[PDB]
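Numbering (the deposited numbering), first residue to last: 21 to 266.
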Ligand SMILES: Nc1ncnc2c1ncn2[C@@H]1O[C@H](COP(=O)(O)O)[C@@H](OP(=O)(O)O)[C@H]1O
Ligand SMILES: CC(C)NC[C@H]1CCc2cc(CO)c([N+](=O)[O-])cc2N1
C-alpha cells in the first residue's frame, strides 16, 4: 500500500468526508486527525519532531520523509492537519499521488474553525473543548503539535490566532499557494457539496453505485460530542450516539 491521494485541504473544509470517500473508493484506510485522536495518539510526538525539523536552519529532508513513511504505512491517502501541512513533501515522496484541495466559503470555514478547532482565547467554549478532550486522553502535547502544524501550513512562526482577519487571509493565501505549487493536471479543487462526480473522474474510477457521498463531522455534531464526553466521561458509553464519525 502506497499513498495515492494527498489531501491538502485545511481542517473544517470537508476532510473527514473526503477521508471516508477515499476509503470507499480504494477499500483501504485514509489518514486524518481523527486517526491520531481516536486510534494512534502515539503519532503526536512523531508529528511534533517532523514539524520541529522544518524549523531548523538546516533541515534533514530524509528524516522528514522517513517519519512520514512510518506514519502513513498502511494508508492509501491523507487528509486534514497535520498531514496537509506537509503536502509539498508528500508530493515529492509520492510523485504519482494526486492532490486534492478541499475548499469552502472562507466565512463558513472560519466559523466552523472557531467552533471545533481554534476558539479564541477569550471564548468560554474553549474550556469545554479542553474538558471533553481530556476524557479522550488529549493533553497539551496534542494542542502544541496541532497548533504548530497549522502555523507551519500558514508559513508563519508568530501568529495572533485570536485575529479573525489574519486567519481569513492565511486561508485564502494557503489555498492560492496550493494551486500555484501543484501542477494543474495533478490537482482537483473539491468544493463543499461537489460529491462524487468530479472526484471520481479525477481519480479514474466510476461513481460508487448506490453509495451517497459522505456528510460527516459537522460542528453541530462536534459540539454534541464535547458535551456528551463532559457529561458521561467515557467515549465508549456515548459512541452509539455518534455513528459514522470515528
Ligand atoms: N458532504 C458535505 N456537504 C456539505 N458539507 C459538508 C459535507 N461533509 C462535510 N461537510 C462539512 O465540512 C465541515 C467538517 O470538515 P472537516 O471534516 O475537515 O473538519 C463541517 O462543516 P460545518 O462545521 O459548518 O458543519 C461539515 O458539515
Ligand atoms: C475532536 C475534538 C473532540 N477535539 C478537539 C480537537 C479537534 C482537532 C483539533 C485540531 C487542531 C488543529 O487542526 C487544533 N488546534 O488548532 O490546536 C485543535 C484541535 N482540537
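Every residue gets a Cβ at the ideal spot worked out from N, C-alpha and C, and that includes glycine.
Verify the contact flag: residue i, CB atom, against every heavy atom of ligand 1, threshold strictly below 6 Å.
i, result
"residue 31", "yes"
"residue 246", "no"
"residue 62", "no"
"residue 235", "yes"
"residue 213", "yes"
"residue 35", "yes"
"residue 239", "yes"
"residue 132", "yes"
Does at least one heavy atom of ligand 2 sit under 6 Å from the Cβ of residue i?
i, result
"residue 125", "no"
"residue 53", "yes"
"residue 167", "yes"
"residue 107", "no"
"residue 138", "yes"
"residue 163", "yes"
"residue 170", "yes"
"residue 256", "no"
"residue 101", "yes"
"residue 226", "no"
"residue 184", "no"
Bridge partners of residue i, per DSSP?
i, result
"residue 123", "211"
"residue 26", "98 and 119"
"residue 190", "Bridge partners of residue 190: none, in fact."
"residue 50", "97"
Leaving out five residues on either side along the sequence, give the residues of the same chain with a beta carbon under 8 Å from the beta carbon of residue i.
i, result
"residue 186", "179 and 180"
"residue 79", "73"
"residue 33", "122, 123, 124, 129 and 212"
Would you call residue i buried or exposed, if buried means 16 or more other Cβ atoms sit within 10 Å of its Cβ?
i, result
"residue 248", "buried"
"residue 254", "exposed"
"residue 22", "exposed"
"residue 24", "buried"
"residue 251", "exposed"
"residue 213", "exposed"
"residue 55", "buried"
"residue 82", "exposed"
"residue 246", "buried"
"residue 152", "buried"
"residue 261", "exposed"
"residue 168", "buried"
Enumerate in chain order the residues of its own chain whose CB-to-CB distance from residue i is below 6 Å, with the five nearest sequence positions on each side excluded.
i, result
"residue 202", "119"
"residue 113", "85"
"residue 103", "51"
"residue 100", "31, 35, 52 and 53"
"residue 28", "104, 107, 119, 121 and 198"
"residue 165", "64, 67 and 68"
"residue 258", "248 and 252"
"residue 155", "249 and 253"
"residue 145", "139"
For residue i, I'd like the list of residues in its chain whose CB is within less than 7 Å of its CB, leaving aside the five on either flank, ordered along the chain.
i, result
"residue 172", "71, 74 and 105"
"residue 40", "234 and 236"
"residue 49", "43, 94, 95 and 96"
"residue 219", "41, 208 and 210"
"residue 174", "190 and 194"
- prompt: Do the segment 135–145 and the segment 196–210 make contact, defined as three or more Cβ pairs closer than 8 Å?
  reply: no
- prompt: Should the segment 153–165 be called in touch with the segment 223–233, which here means at least 3 C-beta pairs below 8 Å?
  reply: no
query: Below 8 Å, can you find three or more Cβ-Cβ pairs linking the segment 214–227 to the segment 55–68?
result: The segment 214–227 makes no contact with the segment 55–68, as fewer than three CB pairs between them are under 8 Å.
task: Report yes or no: do the segment 96–103 and the segment 124–132 share at least 3 C-beta pairs separated by less than 8 Å?
output: no
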